[PDB]
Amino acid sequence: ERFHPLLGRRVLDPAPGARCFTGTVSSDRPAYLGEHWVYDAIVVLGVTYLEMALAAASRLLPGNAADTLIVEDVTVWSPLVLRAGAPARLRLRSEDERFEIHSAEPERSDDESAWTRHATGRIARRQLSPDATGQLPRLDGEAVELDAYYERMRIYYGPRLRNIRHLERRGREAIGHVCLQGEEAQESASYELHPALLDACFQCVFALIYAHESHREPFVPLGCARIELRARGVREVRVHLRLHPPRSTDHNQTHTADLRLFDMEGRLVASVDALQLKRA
């Protein structure tokens, strides 16, 4: 059995054909779980659930080390609110490649009713495609002022989650350069795709949006059509993103974006199709 900071370990499931993982987390461990806030409450980032699903795809589905890991048709349901230092049990159950993720207070977790649903979707695994993928395009865009973005966003994100080092935009497209630091970079090979690194890619989308719209009632990921992970344990990527055309030119309740992550050398690391954003 392969250790994972969020999934935990396999445990018996009550359903005959289901496979289950449970682990304990807290705002202190993984530490990035204590560094995203909404209205003075510690709120677990939705990228947490995407990493758990990829980690389950790796461990539930046999294959080659270089296989592509896939999560599809993902919906994020309730937020997970942590109280500082108080442990939460996290659970991923899967049957016939469908998964669901729940959390519970550890002392109450014997009752299925104590478990709150956070994410659902499908997992899969495919051999690495030999097809040419494409490269990071030369956008020759306008630099986005990241110091202004970070000052705006400091109410939601602490120091471990300020990992965008450069961002340039042209229309609704942008290229970001994101890099883990400190402990997160140290631990990046424990993850399929470190949540702090994928959050940084998503914040590149936010930074594009917040160059035009208000950052109050901020956009929150609600799901995505597909994520494909082609290399595991990465620490630094350049990300190409594209926002779909918005309903409004002034202020939107929703946005949709596609993203491609490339390693520093230029190979495609991950794809995200139709990330759905909605204002909280």
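Don't overthink the numbering: it's just position in the shown sequence, from 1.
For the two regions 77-85 and 177-185, the entry's Cα B-factors average higher over 177-185.
Taking the mean C-alpha B-factor of each stretch as recorded, 47-55 and 60-68 are not equal, and the higher mean is that of 60-68.
When the C-alpha B-factors of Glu100, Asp96, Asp199, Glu192 are ranked from the entry, the top spot goes to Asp96. When the modelled residues of the chain are ordered by their C-alpha B factor, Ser27 lands in the lowest third. Placement of the Cα temperature factor of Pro137 within the chain: highest third of the modelled residues, per the deposited record. For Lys278, the recorded CA B-factor ranks within the lowest third of the chain. Only modelled residues enter the ranking. In the PDB entry, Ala114 places in the middle third of its chain by CA B-factor. In the PDB entry, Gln127 places in the highest third of its chain by CA B-factor.
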